[PDB]
Amino acid sequence: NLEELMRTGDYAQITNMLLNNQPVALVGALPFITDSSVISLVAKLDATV
Amino acid sequence: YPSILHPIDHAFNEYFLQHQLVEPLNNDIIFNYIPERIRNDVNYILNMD
Amino acid sequence: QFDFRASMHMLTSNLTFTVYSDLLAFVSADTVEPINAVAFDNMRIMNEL
């Protein structure tokens with residue numbers, strides 16, 4: 001829960017999951033970039049954010 | 001290193017060398033240096049960057 | 001009398017280290033928003049809001 005993460009400010013769990021490549025779902029109202037580039041998808045840019 | 005010293009001078013310098021006050025410092029020591037009740041308080045986010 | 005055999009010693013120490021004084025300078029400390037600060041019982045310190 002991104003709201004709970006922002007409220008408590010404790011990033012240990014999300015940091016450990018991101019560093020260990022552990023599949024997760026970050027849930028919360030988020031802005032997103034719309035990218036129509038096929039090369040960007042092949043470059044795997046969505047995984048770099 | 002080689003040194004020339006009077007036995008009394010050697011005694012003093014050897015005592016200084018053998019009984020230094022410096023201990024190895026690592027992040028565990030710093031973390032335990034924080035008061036234990038502040039490390040457990042969820043209102044404070046402590047990190048080792 | 002000066003005796004070379006009785007005065008020649010080997011003095012041993014470490015090649016180098018850095019001594020630190022302010023351990024808590026190595027801690028990155030943040031705090032939650034005061035609106036969300038909780039007490040020992042895990043409820044907010046001030047609930048009248």
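Hydrogens, waters and symmetry mates play no part in the numbers below; they use all other heavy atoms, side chains included. Order of the sequence lines sets the chain letters (A, B, ...), proteins ahead of strands, with each chain counted from 1.
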Return yes when atom [atom1] of [X] has more than 12 non-hydrogen atoms of other residues, nucleotides or ligands closer than 6.0 Å, and no otherwise.
X: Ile8(B); atom1: CD1; result: no
X: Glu36(B); atom1: CD; result: yes
X: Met10(C); atom1: CE; result: yes
X: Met43(C); atom1: CE; result: no
X: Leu49(C); atom1: CG; result: yes

With only heavy atoms counted, which part of [X] is less than 4.5 Å from chain C, the side chain, the backbone, both or neither?
X: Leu5(B); result: both
X: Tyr44(B); result: both
X: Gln20(B); result: side chain
X: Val42(B); result: both
X: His6(B); result: neither

Item checked: Best-contacting candidate, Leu24(C), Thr18(C), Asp3(C), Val19(C), against chain B by heavy atom pairs under 4.5 angstrom ->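 Answer, by heavy-atom pair count under 4.5 Å with chain B: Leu24(C).
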
Next item on the list: Specify which of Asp9(B), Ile29(B), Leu17(B) makes the most heavy-atom pairs with chain C at under 4.5 Å.
Entry: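 It is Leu17(B).
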
Next item on the list: Report the C-alpha distance between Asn43(B) and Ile45(C) in whole Å, list the side-chain angles of each, state the deciding distance to 0.1 Å, and finish with yes or no for side-chain contact (heavy atoms from CB on, under 4.5 Å).
Entry: CA-CA 11 Å; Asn43(B) 292 344; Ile45(C) 292 157; 4.0 Å; yes

If I measure from the heavy atoms of chain B, does [X] come under 4.5 Å with its side chain, its backbone, both, or neither?
X: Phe2(C); value: side chain
X: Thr12(C); value: backbone
X: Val38(C); value: both

Note to self: Are the side chains of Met8(C) and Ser3(B) in contact, using a 4.5 Å heavy-atom criterion?
What the structure shows: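 They are not in contact (no side-chain heavy atoms under 4.5 Å apart), so the answer is no.
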
